[PDB]
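Below: the structure, in structure tokens.
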Amino acid sequence: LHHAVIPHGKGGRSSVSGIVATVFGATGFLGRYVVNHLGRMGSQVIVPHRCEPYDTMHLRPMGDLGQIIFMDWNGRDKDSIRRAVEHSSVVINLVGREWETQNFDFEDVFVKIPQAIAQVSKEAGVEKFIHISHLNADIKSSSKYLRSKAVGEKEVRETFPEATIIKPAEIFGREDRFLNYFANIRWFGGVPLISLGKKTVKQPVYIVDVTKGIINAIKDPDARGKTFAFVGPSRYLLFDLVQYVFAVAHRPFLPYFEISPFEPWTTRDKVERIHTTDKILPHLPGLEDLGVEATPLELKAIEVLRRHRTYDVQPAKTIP
Amino acid sequence: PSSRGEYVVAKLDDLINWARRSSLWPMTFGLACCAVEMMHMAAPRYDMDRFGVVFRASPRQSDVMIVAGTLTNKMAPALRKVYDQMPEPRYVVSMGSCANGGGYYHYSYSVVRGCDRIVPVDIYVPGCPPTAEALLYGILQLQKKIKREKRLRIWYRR
Amino acid sequence: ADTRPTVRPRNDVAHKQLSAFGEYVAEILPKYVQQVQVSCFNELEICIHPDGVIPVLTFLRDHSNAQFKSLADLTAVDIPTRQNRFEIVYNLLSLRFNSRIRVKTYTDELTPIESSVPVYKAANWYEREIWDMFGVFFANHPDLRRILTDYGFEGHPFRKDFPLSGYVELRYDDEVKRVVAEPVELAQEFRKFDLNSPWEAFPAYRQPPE
Amino acid sequence: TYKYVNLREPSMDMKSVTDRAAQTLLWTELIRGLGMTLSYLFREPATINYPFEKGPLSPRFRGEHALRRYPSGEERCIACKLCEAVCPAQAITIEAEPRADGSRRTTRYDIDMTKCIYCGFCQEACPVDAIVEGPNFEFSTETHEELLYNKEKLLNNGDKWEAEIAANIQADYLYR
Amino acid sequence: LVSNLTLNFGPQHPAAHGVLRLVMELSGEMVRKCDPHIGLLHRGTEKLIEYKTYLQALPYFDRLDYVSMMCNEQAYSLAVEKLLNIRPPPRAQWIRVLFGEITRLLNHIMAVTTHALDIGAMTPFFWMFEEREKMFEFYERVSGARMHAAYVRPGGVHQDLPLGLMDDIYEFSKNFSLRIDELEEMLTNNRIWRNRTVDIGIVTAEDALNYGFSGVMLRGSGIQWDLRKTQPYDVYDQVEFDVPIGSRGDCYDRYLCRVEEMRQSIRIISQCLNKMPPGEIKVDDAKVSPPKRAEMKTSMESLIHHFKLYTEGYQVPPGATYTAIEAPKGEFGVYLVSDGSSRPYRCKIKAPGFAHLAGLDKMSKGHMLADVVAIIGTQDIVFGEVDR
Amino acid sequence: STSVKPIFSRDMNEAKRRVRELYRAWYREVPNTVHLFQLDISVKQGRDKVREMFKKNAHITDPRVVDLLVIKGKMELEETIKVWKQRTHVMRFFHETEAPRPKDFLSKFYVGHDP
Amino acid sequence: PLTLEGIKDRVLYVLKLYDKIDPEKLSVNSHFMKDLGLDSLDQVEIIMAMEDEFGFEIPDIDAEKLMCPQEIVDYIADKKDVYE
Ligand SMILES: NC(=O)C1=CN([C@@H]2O[C@H](COP(=O)(O)OP(=O)(O)OC[C@H]3O[C@@H](n4cnc5c(N)ncnc54)[C@H](OP(=O)(O)O)[C@@H]3O)[C@@H](O)[C@H]2O)C=CC1
Ligand code: SF4
Ligand code: SF4
Ligand code: SF4
């Protein structure tokens, strides 16, 4: 080690942990939680952000004085990546869009950028590289989102062989776009667009468990070079899941929106993914192997959906 | 005429920025002494209203929160409550040593060591208390910070 | 009154009058008064057994030669070396006679003290402050509850053994969307200074050797 | 010696009763209050045109901190730590050692400007006029880290503001 | 208990007194129970003072009643001086009365104008803070700080008055009675103002004393009591002024008392300017007061005393005193205990606002909700001293 | 001596009575608190916490120490019932942000010098 | 209306719900503290169940005595004045 990066303190805010992480995509749903947990234990977080500085203000309270540092970067400019990972020990990558835009398509957010971040990380001496993928990633899947996730996951495993590739399922939480999707898009102005909802089986994982899993992959030395699958305790039927969501939100459920500029809310590919069936890949290690217990949907679903609820609830039925 | 999309976005961005900085309605937590200097910034000599900054703004029409005094542990939940109710865009101005980092009660058991532990802060105004003129300099620094925002220009390149 | 520009003059007539009244109070309430002393700067203190509060405070308020109608203050001092670590101090004011008097008693962590609210309604909040900061319980108090510390605050900060910065500190956590308490960790520890000089400053206050 | 602020007895003659009746019905005092506000509308405003005009200060004003030098250019600070000992807020942190030429000079001088109460005890306690509070009161920052001054910052402030600081000391050192 | 309205001034308005959480039970428009909750500006000041020398603790007293900065300092200095058994020189006693009365004017302008501002009369607030702004310049010229002067210290004052200050104070005092008169042209005889203050929050003389009230809160009810007249402490025995006394014990008499105190303060300030004597400003005793910077750089003894005074501090003989002054808000007193070292063992602060606020429930009984705003204002509550 | 003024109980039997009563008031309250404060815990987790707090003070045998423990517990209840607390104070009992702290020698040995 | 055997039906119904109590060891006379092995704290939880079930308050003095279901049924009867 180096005398600076030796852990000190009691793991709190003003303590030292020796983790010096660059988190790309720190301003997203998954990024805000990772930065939060890295900053509870006194890590040095470099936050490369493309957005306005205003959009990052929520991250500033998450660290002590000096612990969170912000940088500009452009996925196309490699030298902006290098300035971001030059002094780092772990480089976490959470870059993605649920939708394409004019400038970045799914093959640029998921293949060309992650490969560039991984290559510069190798050439800059970085030791640990966390790359996020999807559980349902498949070269033969119709959803273009997942096919890009498959190729990009293939290039990371060649550029940075010692990289930890994490494959979660649909992640649910307060700011998720999974249960918030079933509560809003299905309800307001519409009746569910479920396409044969009885044929889809879903295994969703809580955000904090994914956040915990990512951290322990940094602190666990056997995680290097290993691909993981983070899945919830239970498998649900997509039809029942939507039904259960509605009961929590006290919105009546009756079985049976164009993409646009701004931020497509509901899209062609999103439906193709909400219907893809959560692959079971037993040989891949999961949260069990990182010291995290997957948390039930039922506990952490009233938390997510209490806002939609306007102004005595029965759980869903699991699929063995 | 002829104009690019980049040019249109740059000019619209200047319009909304000019409006947002020209009409800053501040909410003020007058927690302690520093509230007295905030009141002097409203009095005749400096007259913050002449910049377009209204003397009194409700929490749910406010554009900027000015934290003027010591934030104790008993008070911290209420300040975060007010902050969440504020509609965006929202900015926090930390006024004086107490709010900046605890100041002269920094080593107290009942005091938050800086309001940046509770809410994100955009400008820090030093002093114990900062002079009314020193606070006015801080607000004018927030106007320049807003002038440099590029929300639309970023949105175009997304 | 002497031509010593920098030395506070002595008022000896005030010292004599306050000593006469100290005996008067001791003669009238011998059951309770444990000590009477008048300082050099003319301030009478009556020390009493904790059970004489109400009789002693009532006599000073209502007697035609006391008439200490006003409770100027009420506070506790913590002296951990004493067996009764807490000393309760009553500062009273007489407007008829333009005089002040101090009444002191003592207690421990597990001995209640009679509430003086029956005598001075001013003592209601003073005793809530004493309970909150010192953890001294007052019996028969109309409404005893914390007055200064945060809700759910464990401990009594003004005890000499309570650490200056306490044990818990508050921050806002994004994950749980609320203000969370956590064990205190300071980026810069409070630096303790040893300032006492090793040479005696005031012989008049020298204590006899062990 | 005391006076009665409100112990008048209103006169009960008809002339006085009619005066109060006229006041009650014709709103006389209320019109008088409107007169005073009208007079202020035609008085000149006390506002000054900040930042082009500034409020008056004095030489004794306590502002941003700076470390000074002797005319030769050597630092005045000898690392006696009298400022660190006196600082009511414990805002000052000092370390020292013998310099390469054997001089008694600091290697760390820090002021946590967010701890400081701008009381000026440190300049009162300094024996060599090394630490001063300058005339600058316009140095608000966007981040908390920008308000934790190390030795370089305070030396740079002394180099930046020496011209004014020296004149202010010249004006007030006899009072001190 | 028709309804309990938990009124938090958390989203504070332009008052700056602090923040008060008020829990009330409103049986209609009327108020049946009032319960102030006052922990929001509790900063642990009394405990922090135990870790500071006597000099280091003085700035804490600026930040209690932060509209009576130099009056809070004087109370601390009078307490410490009494334990030290020293005397400040005659010139400093006049400077401390002079700035004690400039501070009384500062406090009453805030008290009356923010009281009126809460009851809708916004304009006098701006009229008078142009005057407070000119008073803040006197503070800055003698101390270098507009508010927390740290100027009145045990033994006297830190520095002497700069040349030309007394003329500027006289010029301010010459035009100031007219400023008060304009304020009374807008409030004294105004029927709307009287309807909002007359026979509101009445306090009887007997209940005032038992509840611990002091200052205007007593004199409004007709009690002839002023510490400056009955227990004088600096040169107040050498200045003529009258004490305003109320007759009905309501808000309106308390409003009149404060406005008359501003006039008597200008009367006193006039005498201080004429009677200011020459001499030194701090006790000429270097084991308490620091020596002049010229002597410290020339004399061995002065350098030693300078070195020790700003490190260890002067030791105070063991003892305990209760010292009180007539602060603008009321009787401000400190119970200070010395263990013989250079750091106080215990410093209990007696804030007049602590008792007054505790007496709010008594005063609010049988009044409408909009009156409570008027009752709190007439008490002149600042939560720096309520909580400490 | 052992002659000491009592707070309320004059022997442990009376003290254990007030302890028992105070547990009734807390046991009834948790269902209300979990609703008024909109907590994310189940009423079972809440009632276990009340059991945990009462259990930690089991060894106590001094009648006076028990009176004060009850006095403090009632003040805590009065704050929660009257809703003087806030959602943040009620949830401080659960320490949901503090990370797991080990208790076995090897675990404490790896991280730091704390005993 | 009263049904002394009705009382015993509900009491056993309530105790059957309490998660700690194993149904098998339960008897009309099984001791809470010894046979069942509950703690004093748990005995207070059970009594509170009966107050809800039988719509009245069981005082603390009485609550300590009701140390087994048979005692509960007897005590319930007396306050309801069931003479069966
Ligand atoms: N949450 C889920 O359901 C699942 C998520 N994942 C993976 O998790 C990761 C993050 O999840 P989430 O946080 O929900 O994704 P978000 O969309 O919430 O945030 C993604 C981040 O990527 C950044 N970003 C997007 N496009 C670009 C770009 N072209 N150039 C630079 N930065 C860019 C955004 O920054 P800005 O906002 O500044 O554009 C944003 O901070 C993604 O990689 C996703 O594939 C995988 C499986 C399931
Ligand atoms: S920073 Fe200074 S003036 Fe402001 S509240 Fe704190 S002590 Fe008072
Ligand atoms: S001005 Fe006062 S608080 Fe600030 S560094 Fe100097 S001595 Fe310390
Ligand atoms: S700045 Fe002055 S007082 Fe402080 S260490 Fe240097 S020489 Fe000593």
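So you can find residues: chains in the structure tokens are A, B, ... in the order shown, residues in each start at 1, and ligands are numbered from 1 in order.
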
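Residues with any atom within 10 Å of residue 9 (chain A), counting only C-alpha atoms and excluding same-chain neighbours fewer than 6 positions away, are residues 15, 16, 17, 41 and 42 of chain A; 185 of chain C; 111, 112, 113 and 114 of chain F.
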
With C-alpha atoms retained, could you export that selection as a PDB file, in the first residue's frame?
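Written out: result_1.pdb:
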ATOM      1  CA  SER A  15     -12.464   8.289   8.611  1.00  0.00           C
ATOM      2  CA  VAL A  16     -10.145   6.956   5.908  1.00  0.00           C
ATOM      3  CA  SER A  17     -10.940   3.820   3.916  1.00  0.00           C
ATOM      4  CA  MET A  41     -16.865   5.200   5.006  1.00  0.00           C
ATOM      5  CA  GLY A  42     -14.615   8.096   4.031  1.00  0.00           C
TER       6      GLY A  42
ATOM      7  CA  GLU C 185     -16.124  11.619  14.401  1.00  0.00           C
TER       8      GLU C 185
ATOM      9  CA  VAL F 111      -9.715  -3.241  10.965  1.00  0.00           C
ATOM     10  CA  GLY F 112      -8.243  -1.202  13.798  1.00  0.00           C
ATOM     11  CA  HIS F 113      -6.685  -0.936  17.224  1.00  0.00           C
ATOM     12  CA  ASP F 114      -9.938  -0.416  19.106  1.00  0.00           C
TER      13      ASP F 114
END

Would you kindly return, as a list in words, each protein, DNA or RNA residue with an atom no farther than 9 Å from any atom of residue 175 (chain C), considering only C-alpha atoms and excluding same-chain residues fewer than 5 positions away?
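The residues that qualify are residues 32, 33, 36, 37 and 208 of chain A; 97 of chain F.
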
Could you list, as a ChimeraX atom specification, every residue of chain B that has an atom within 6 Å of an atom of chain C, counting only C-alpha atoms?
/B:74,107-109,117-118

Put those residues in a file: N, CA, C and O atoms, as a PDB file, in the first residue's frame.
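Result file is out_23.pdb:
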ATOM      1  N   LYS B  74     -31.513  20.008  16.999  1.00  0.00           N
ATOM      2  CA  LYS B  74     -32.963  20.048  17.114  1.00  0.00           C
ATOM      3  C   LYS B  74     -33.602  20.690  15.893  1.00  0.00           C
ATOM      4  O   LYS B  74     -34.722  20.330  15.519  1.00  0.00           O
ATOM      5  N   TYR B 107     -17.426  22.753  18.230  1.00  0.00           N
ATOM      6  CA  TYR B 107     -17.162  21.636  19.121  1.00  0.00           C
ATOM      7  C   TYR B 107     -18.291  21.398  20.108  1.00  0.00           C
ATOM      8  O   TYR B 107     -18.064  20.814  21.167  1.00  0.00           O
ATOM      9  N   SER B 108     -19.497  21.832  19.786  1.00  0.00           N
ATOM     10  CA  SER B 108     -20.635  21.626  20.660  1.00  0.00           C
ATOM     11  C   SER B 108     -21.327  20.308  20.341  1.00  0.00           C
ATOM     12  O   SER B 108     -21.239  19.779  19.233  1.00  0.00           O
ATOM     13  N   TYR B 109     -22.014  19.779  21.346  1.00  0.00           N
ATOM     14  CA  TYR B 109     -22.778  18.549  21.206  1.00  0.00           C
ATOM     15  C   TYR B 109     -24.119  18.771  20.524  1.00  0.00           C
ATOM     16  O   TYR B 109     -24.726  17.804  20.058  1.00  0.00           O
ATOM     17  N   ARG B 117     -23.794  19.567   5.763  1.00  0.00           N
ATOM     18  CA  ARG B 117     -24.133  18.213   6.172  1.00  0.00           C
ATOM     19  C   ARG B 117     -25.607  17.913   5.945  1.00  0.00           C
ATOM     20  O   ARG B 117     -25.980  16.747   5.788  1.00  0.00           O
ATOM     21  N   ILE B 118     -26.453  18.935   5.932  1.00  0.00           N
ATOM     22  CA  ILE B 118     -27.886  18.765   5.749  1.00  0.00           C
ATOM     23  C   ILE B 118     -28.300  19.024   4.309  1.00  0.00           C
ATOM     24  O   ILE B 118     -28.923  18.173   3.678  1.00  0.00           O
TER      25      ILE B 118
END

Would you tabulate, counting only C-alpha atoms and all ligand atoms, all residues of chain D that have an atom at most 9 Å from an atom of ligand 3, showing the closest pair of atoms and their distance in Å to one decimal, sorted by chain then ascending number, as JSON lines?
{"residue": "D:62", "atom": "CA", "partner": "ligand 3", "partner_atom_place_in_ligand_line": "1 (S)", "distance": 7.7}
{"residue": "D:63", "atom": "CA", "partner": "ligand 3", "partner_atom_place_in_ligand_line": "1 (S)", "distance": 8.5}
{"residue": "D:64", "atom": "CA", "partner": "ligand 3", "partner_atom_place_in_ligand_line": "1 (S)", "distance": 8.9}
{"residue": "D:65", "atom": "CA", "partner": "ligand 3", "partner_atom_place_in_ligand_line": "5 (S)", "distance": 7.7}
{"residue": "D:83", "atom": "CA", "partner": "ligand 3", "partner_atom_place_in_ligand_line": "7 (S)", "distance": 6.3}
{"residue": "D:84", "atom": "CA", "partner": "ligand 3", "partner_atom_place_in_ligand_line": "8 (Fe)", "distance": 7.3}
{"residue": "D:85", "atom": "CA", "partner": "ligand 3", "partner_atom_place_in_ligand_line": "7 (S)", "distance": 8.7}
{"residue": "D:86", "atom": "CA", "partner": "ligand 3", "partner_atom_place_in_ligand_line": "7 (S)", "distance": 6.1}
{"residue": "D:87", "atom": "CA", "partner": "ligand 3", "partner_atom_place_in_ligand_line": "7 (S)", "distance": 3.7}
{"residue": "D:88", "atom": "CA", "partner": "ligand 3", "partner_atom_place_in_ligand_line": "3 (S)", "distance": 5.4}
{"residue": "D:89", "atom": "CA", "partner": "ligand 3", "partner_atom_place_in_ligand_line": "3 (S)", "distance": 4.9}
{"residue": "D:90", "atom": "CA", "partner": "ligand 3", "partner_atom_place_in_ligand_line": "8 (Fe)", "distance": 6.2}
{"residue": "D:91", "atom": "CA", "partner": "ligand 3", "partner_atom_place_in_ligand_line": "8 (Fe)", "distance": 5.2}
{"residue": "D:92", "atom": "CA", "partner": "ligand 3", "partner_atom_place_in_ligand_line": "5 (S)", "distance": 5.8}
{"residue": "D:111", "atom": "CA", "partner": "ligand 3", "partner_atom_place_in_ligand_line": "5 (S)", "distance": 6.2}
{"residue": "D:112", "atom": "CA", "partner": "ligand 3", "partner_atom_place_in_ligand_line": "5 (S)", "distance": 7.8}
{"residue": "D:113", "atom": "CA", "partner": "ligand 3", "partner_atom_place_in_ligand_line": "4 (Fe)", "distance": 7.2}
{"residue": "D:115", "atom": "CA", "partner": "ligand 3", "partner_atom_place_in_ligand_line": "3 (S)", "distance": 6.9}
{"residue": "D:116", "atom": "CA", "partner": "ligand 3", "partner_atom_place_in_ligand_line": "4 (Fe)", "distance": 3.8}
{"residue": "D:117", "atom": "CA", "partner": "ligand 3", "partner_atom_place_in_ligand_line": "3 (S)", "distance": 4.2}
{"residue": "D:118", "atom": "CA", "partner": "ligand 3", "partner_atom_place_in_ligand_line": "1 (S)", "distance": 3.6}
{"residue": "D:119", "atom": "CA", "partner": "ligand 3", "partner_atom_place_in_ligand_line": "2 (Fe)", "distance": 3.9}
{"residue": "D:120", "atom": "CA", "partner": "ligand 3", "partner_atom_place_in_ligand_line": "1 (S)", "distance": 3.7}
{"residue": "D:121", "atom": "CA", "partner": "ligand 3", "partner_atom_place_in_ligand_line": "7 (S)", "distance": 4.1}
{"residue": "D:122", "atom": "CA", "partner": "ligand 3", "partner_atom_place_in_ligand_line": "7 (S)", "distance": 3.9}
{"residue": "D:123", "atom": "CA", "partner": "ligand 3", "partner_atom_place_in_ligand_line": "6 (Fe)", "distance": 6.6}
{"residue": "D:124", "atom": "CA", "partner": "ligand 3", "partner_atom_place_in_ligand_line": "7 (S)", "distance": 8.3}
{"residue": "D:125", "atom": "CA", "partner": "ligand 3", "partner_atom_place_in_ligand_line": "7 (S)", "distance": 8.3}
{"residue": "D:131", "atom": "CA", "partner": "ligand 3", "partner_atom_place_in_ligand_line": "6 (Fe)", "distance": 8.2}
{"residue": "D:132", "atom": "CA", "partner": "ligand 3", "partner_atom_place_in_ligand_line": "6 (Fe)", "distance": 8.1}
{"residue": "D:133", "atom": "CA", "partner": "ligand 3", "partner_atom_place_in_ligand_line": "1 (S)", "distance": 7.0}

As a PDB file with N, CA, C and O atoms, in the first residue's frame, please: the residues near region 214-219 of chain A (cut-off 8 Å, only C-alpha atoms, same-chain neighbours under 2 positions excluded).
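This is the output file part_3.pdb:
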ATOM      1  N   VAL A  34     -24.278   4.461  -4.885  1.00  0.00           N
ATOM      2  CA  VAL A  34     -22.888   4.039  -4.759  1.00  0.00           C
ATOM      3  C   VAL A  34     -22.058   5.149  -4.134  1.00  0.00           C
ATOM      4  O   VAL A  34     -21.294   4.922  -3.192  1.00  0.00           O
ATOM      5  N   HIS A  37     -22.707   5.374  -0.398  1.00  0.00           N
ATOM      6  CA  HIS A  37     -22.092   4.359   0.451  1.00  0.00           C
ATOM      7  C   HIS A  37     -20.577   4.496   0.466  1.00  0.00           C
ATOM      8  O   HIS A  37     -19.940   4.274   1.501  1.00  0.00           O
ATOM      9  N   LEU A  38     -19.979   4.850  -0.669  1.00  0.00           N
ATOM     10  CA  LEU A  38     -18.543   5.099  -0.691  1.00  0.00           C
ATOM     11  C   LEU A  38     -18.166   6.263   0.212  1.00  0.00           C
ATOM     12  O   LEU A  38     -17.055   6.299   0.746  1.00  0.00           O
ATOM     13  N   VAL A  90      -9.977   1.973  -7.941  1.00  0.00           N
ATOM     14  CA  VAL A  90     -11.113   1.266  -8.509  1.00  0.00           C
ATOM     15  C   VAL A  90     -11.855   2.220  -9.427  1.00  0.00           C
ATOM     16  O   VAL A  90     -11.976   3.412  -9.129  1.00  0.00           O
ATOM     17  N   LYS A 128      -8.709  -2.264 -10.017  1.00  0.00           N
ATOM     18  CA  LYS A 128     -10.028  -2.876  -9.986  1.00  0.00           C
ATOM     19  C   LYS A 128     -10.965  -2.117 -10.913  1.00  0.00           C
ATOM     20  O   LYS A 128     -10.948  -0.885 -10.949  1.00  0.00           O
ATOM     21  N   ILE A 130     -15.049  -2.246 -11.933  1.00  0.00           N
ATOM     22  CA  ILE A 130     -16.412  -2.748 -11.819  1.00  0.00           C
ATOM     23  C   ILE A 130     -17.182  -2.295 -13.048  1.00  0.00           C
ATOM     24  O   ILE A 130     -17.289  -1.094 -13.315  1.00  0.00           O
ATOM     25  N   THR A 164     -14.506  -7.036 -12.661  1.00  0.00           N
ATOM     26  CA  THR A 164     -15.682  -7.641 -12.054  1.00  0.00           C
ATOM     27  C   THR A 164     -16.913  -7.174 -12.813  1.00  0.00           C
ATOM     28  O   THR A 164     -17.255  -5.990 -12.770  1.00  0.00           O
ATOM     29  N   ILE A 166     -20.863  -7.259 -13.187  1.00  0.00           N
ATOM     30  CA  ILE A 166     -22.040  -7.493 -12.363  1.00  0.00           C
ATOM     31  C   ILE A 166     -23.267  -7.448 -13.257  1.00  0.00           C
ATOM     32  O   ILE A 166     -23.453  -6.494 -14.020  1.00  0.00           O
ATOM     33  N   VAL A 210     -27.905  -4.171  -4.318  1.00  0.00           N
ATOM     34  CA  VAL A 210     -26.979  -3.992  -5.426  1.00  0.00           C
ATOM     35  C   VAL A 210     -25.850  -3.054  -5.025  1.00  0.00           C
ATOM     36  O   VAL A 210     -24.681  -3.299  -5.339  1.00  0.00           O
ATOM     37  N   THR A 211     -26.179  -1.964  -4.329  1.00  0.00           N
ATOM     38  CA  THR A 211     -25.143  -1.051  -3.863  1.00  0.00           C
ATOM     39  C   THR A 211     -24.195  -1.749  -2.906  1.00  0.00           C
ATOM     40  O   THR A 211     -22.973  -1.617  -3.022  1.00  0.00           O
ATOM     41  N   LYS A 212     -24.738  -2.505  -1.955  1.00  0.00           N
ATOM     42  CA  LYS A 212     -23.888  -3.266  -1.052  1.00  0.00           C
ATOM     43  C   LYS A 212     -23.036  -4.261  -1.823  1.00  0.00           C
ATOM     44  O   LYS A 212     -21.831  -4.379  -1.581  1.00  0.00           O
ATOM     45  N   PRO A 221     -11.236  -9.536  -2.326  1.00  0.00           N
ATOM     46  CA  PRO A 221     -10.180  -9.738  -3.326  1.00  0.00           C
ATOM     47  C   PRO A 221     -10.430 -10.895  -4.275  1.00  0.00           C
ATOM     48  O   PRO A 221      -9.727 -10.998  -5.289  1.00  0.00           O
ATOM     49  N   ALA A 223     -13.284 -11.259  -5.883  1.00  0.00           N
ATOM     50  CA  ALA A 223     -14.260 -10.836  -6.879  1.00  0.00           C
ATOM     51  C   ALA A 223     -13.606 -10.504  -8.209  1.00  0.00           C
ATOM     52  O   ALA A 223     -14.269 -10.550  -9.249  1.00  0.00           O
ATOM     53  N   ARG A 224     -12.322 -10.163  -8.203  1.00  0.00           N
ATOM     54  CA  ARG A 224     -11.653  -9.797  -9.442  1.00  0.00           C
ATOM     55  C   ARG A 224     -11.711 -10.941 -10.442  1.00  0.00           C
ATOM     56  O   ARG A 224     -11.458 -12.099 -10.104  1.00  0.00           O
ATOM     57  N   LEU A 290     -21.180 -12.399  -1.716  1.00  0.00           N
ATOM     58  CA  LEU A 290     -20.582 -11.123  -1.351  1.00  0.00           C
ATOM     59  C   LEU A 290     -21.044 -10.648   0.017  1.00  0.00           C
ATOM     60  O   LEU A 290     -20.752  -9.510   0.395  1.00  0.00           O
ATOM     61  N   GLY A 291     -21.750 -11.485   0.771  1.00  0.00           N
ATOM     62  CA  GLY A 291     -22.181 -11.114   2.099  1.00  0.00           C
ATOM     63  C   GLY A 291     -23.432 -10.275   2.149  1.00  0.00           C
ATOM     64  O   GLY A 291     -23.670  -9.603   3.156  1.00  0.00           O
TER      65      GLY A 291
END

What residues of the protein or nucleic acid chains come within 6 Å of ligand 1 when you use only C-alpha atoms and all ligand atoms? Reply as a PyMOL selection string.
chain A and resi 25-31+49-51+75+94-97+104+109+132-134+168-171

Would you tabulate, counting only C-alpha atoms and all ligand atoms, all residues of chain D that have an atom at most 6 Å from an atom of ligand 4, showing the closest pair of atoms and their distance in Å to one decimal, sorted by chain then ascending number, as JSON lines?
{"residue": "D:77", "atom": "CA", "partner": "ligand 4", "partner_atom_place_in_ligand_line": "6 (Fe)", "distance": 3.7}
{"residue": "D:78", "atom": "CA", "partner": "ligand 4", "partner_atom_place_in_ligand_line": "7 (S)", "distance": 4.4}
{"residue": "D:79", "atom": "CA", "partner": "ligand 4", "partner_atom_place_in_ligand_line": "5 (S)", "distance": 3.6}
{"residue": "D:80", "atom": "CA", "partner": "ligand 4", "partner_atom_place_in_ligand_line": "8 (Fe)", "distance": 3.7}
{"residue": "D:81", "atom": "CA", "partner": "ligand 4", "partner_atom_place_in_ligand_line": "5 (S)", "distance": 3.7}
{"residue": "D:82", "atom": "CA", "partner": "ligand 4", "partner_atom_place_in_ligand_line": "3 (S)", "distance": 4.2}
{"residue": "D:83", "atom": "CA", "partner": "ligand 4", "partner_atom_place_in_ligand_line": "3 (S)", "distance": 4.1}
{"residue": "D:125", "atom": "CA", "partner": "ligand 4", "partner_atom_place_in_ligand_line": "3 (S)", "distance": 5.8}
{"residue": "D:126", "atom": "CA", "partner": "ligand 4", "partner_atom_place_in_ligand_line": "3 (S)", "distance": 3.6}
{"residue": "D:127", "atom": "CA", "partner": "ligand 4", "partner_atom_place_in_ligand_line": "2 (Fe)", "distance": 5.9}
{"residue": "D:128", "atom": "CA", "partner": "ligand 4", "partner_atom_place_in_ligand_line": "7 (S)", "distance": 5.7}
{"residue": "D:130", "atom": "CA", "partner": "ligand 4", "partner_atom_place_in_ligand_line": "1 (S)", "distance": 4.8}
{"residue": "D:131", "atom": "CA", "partner": "ligand 4", "partner_atom_place_in_ligand_line": "1 (S)", "distance": 4.4}

As a ChimeraX atom specification, which residues of region 106-151 of chain D does DSSP assign to strand (DSSP E)?
/D:106-112,131-133,148-149

Residue contacts of residue 72 (chain C) (12 Å, only C-alpha atoms) excluding same-chain residues fewer than 5 positions away, as a VMD selection string:
(chain C and resid 89 to 95 99 to 103 120 to 123 126) or (chain E and resid 209 to 214 322 to 325 330 to 335 349 to 352 354 to 355)

Using only C-alpha atoms, which protein or nucleic acid residues come within 10 Å of residue 76 (chain G)? Drop anything in the same chain fewer than 5 positions from it, and give the result as a PyMOL selection string.
chain G and resi 4+7-8+11+50-51+54+56+58+66+70-71+81-82

Quick one: which chain E residues come within 12 Å of chain F, and what is the nearest atom pair for each with the distance in Å to one decimal, counting only C-alpha atoms, rows ordered by chain and ascending number, as CSV?
residue,atom,partner,partner_atom,distance
E:4,CA,F:82,CA,10.4
E:6,CA,F:84,CA,9.3
E:7,CA,F:84,CA,11.9
E:8,CA,F:84,CA,11.4
E:21,CA,F:84,CA,10.2
E:22,CA,F:84,CA,11.0
E:23,CA,F:84,CA,9.3
E:35,CA,F:84,CA,11.6
E:36,CA,F:84,CA,11.8
E:37,CA,F:84,CA,9.4
